[PDB]
Amino acid sequence: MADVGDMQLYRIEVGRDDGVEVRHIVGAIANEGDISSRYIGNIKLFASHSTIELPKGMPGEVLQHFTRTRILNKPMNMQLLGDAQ
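In the PDB header, solution NMR is given as the technique by which the entry was determined.

Okay, here's the thing in structure tokens:
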């Protein structure tokens, strides 16, 4: 029920072996904005990777400010594999 419906699956280069969990990337984005632990789509947590889908429908906010600054939570080294339905 976002403004547009931007829905995709982005995987980061961070996992349990790195220092991140399922409640880490979730509670981070869920606490930063209005997003909730349930609102989030599918979330993955590998050894050194993790996926997540945001129902948000108006990106470009974090990519602007956090364009050079990122972390386990922020898009440090992730890529777009999904696509907006």
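Engineer: Account for the layout of surface pockets, with residues named and values stated.
Structural biologist: Empty space among the atoms can be located by rolling a probe the size of a water molecule over them. Quantified by volume, the largest pocket comes out at close to 890 Å³. Lining of the largest pocket is provided by 29 residues; of these, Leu-54, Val-62, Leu-63, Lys-74 and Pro-75 occupy positions nearest its centre. Broken down by secondary-structure element, the contributors of at least two residues to the lining of the largest pocket are β1 (10–12), α1 (22–32), β2 (50–52) and α2 (62–65). Class assignment of the residues belonging to the lining of the largest pocket gives a composition of 15 nonpolar, seven polar and seven charged. By volume, the second largest pocket is sized at about 200 Å³. Around the second largest pocket, the lining residues are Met-1, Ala-2, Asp-3, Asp-34, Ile-35, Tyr-39, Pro-55, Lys-56, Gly-57, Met-58 and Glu-61. Its residues placed into classes, the lining of the second largest pocket shows six nonpolar, one polar and four charged.

Engineer: Got a sec to walk through the sheet that holds β1? Specific residues and values, please.
Structural biologist: The strand order β2-β1-β3 describes an open sheet built from three strands, whose pairing is antiparallel. In the strand order of this sheet, the two ends are held by β2 and β3 (79–80), each with one partner. Strand direction decides the pairing type here: β1 and β3, joined by two bridges, are antiparallel. Counted as the bridge partner of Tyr-10 is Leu-80 from β3.

Engineer: Please give an account of a nonpolar patch on the surface that cites residues and values.
Structural biologist: A surface patch of nonpolar side chains, about 250 Å² in accessible area, is lined by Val-62, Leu-63 and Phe-66. Structurally, the position occupied by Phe-66 is in the loop between α2 and β3.

Engineer: Hey, could you go over α1 for me, with residue numbers and the actual values?
Structural biologist: Every α-helix carries 3.6 residues per turn, so stepping three or four residues along brings you back to the same face. All of the buried residues along α1 are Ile-25, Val-26, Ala-28, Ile-29 and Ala-30. Residues of α1 that are buried sit in contact with β1 and β2.

Engineer: Give me the lowdown on the side chain of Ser-50, citing residues and values where you can.
Structural biologist: Residue position: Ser-50 is located in strand β2. You can call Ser-50 buried: its relative accessible area is 3%. For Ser-50, the side chain forms a polar contact with the main-chain oxygen of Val-14, separated by 2.6 Å. Here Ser-50 is in contact with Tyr-10, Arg-11, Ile-12, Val-14, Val-20, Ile-25, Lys-44 and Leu-45, once residues within four sequence places are set aside.

Engineer: Tell me about the side chain of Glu-53, and name the residues and values.
Structural biologist: By secondary structure assignment, the location of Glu-53 is in the loop between β2 and α2. Of note is the side chain of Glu-53, whose polar atom sits 2.7 Å from the backbone nitrogen of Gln-8. If sequence neighbours within four positions are ignored, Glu-53 has contacts with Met-7, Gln-8, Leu-9, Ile-40, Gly-41 and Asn-42.

Reading the values: the criteria
- Numbers given for residues start from 1 on each chain and follow the written sequence, which can depart from the numbering in the entry; residues without coordinates are excluded.
- Only hydrogens and water are set aside when side-chain values are computed; all heavy atoms of the structure are taken into account.
- Residues are called lining when one of their atoms sits within 4 Å of a cavity or pocket point, these points coming from a 1 Å grid over the protein atoms alone, where a cavity is a set in which a 1.4 Å probe fits but cannot get out and a pocket is an open set with protein on both sides within 12 Å along at least five of seven lines.
- Grid points are joined across faces, edges and corners, and a volume is the space filled by probe spheres set on the points.
- Here a helix means four or more residues in a row that DSSP labels H or I, a strand means two or more in a row labelled E, and each is numbered from the N terminus.
- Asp, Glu, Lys and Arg are counted as charged, while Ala, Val, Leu, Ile, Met, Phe, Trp, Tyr, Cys and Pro are counted as nonpolar; the rest, among them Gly, fall into the polar class.
- Strand pairing is assigned whenever DSSP detects at least two bridges linking the two strands.
- To count toward a patch, a residue needs a relative accessible area above 30% and no salt bridge. Like charges then connect within 9 Å, nonpolar side chains (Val, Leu, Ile, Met, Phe, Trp, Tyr) within 5 Å.
- We get accessible surface area from the Shrake-Rupley algorithm with a probe of 1.4 Å; when it comes to residues, only the shown protein chains can shield them.
- A pair is scored as a salt bridge if a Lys or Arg side-chain nitrogen falls within 4 Å of a carboxyl oxygen belonging to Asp or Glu.
- Buried, partly exposed and exposed residues are distinguished by accessible area as a fraction of the type maximum, computed with a 1.4 Å probe on protein chains only: under 20%, between the cut-offs, and over 50%, respectively.
- The contact rule is simple, with two residues in contact once any of their heavy atoms fall within 4.5 Å.
- Pairs of N or O atoms are called polar contacts if they sit within 3.5 Å, as long as, within protein, a hydrogen donor faces a hydrogen acceptor (for residues adjacent in sequence, only side-chain-to-side-chain pairs).

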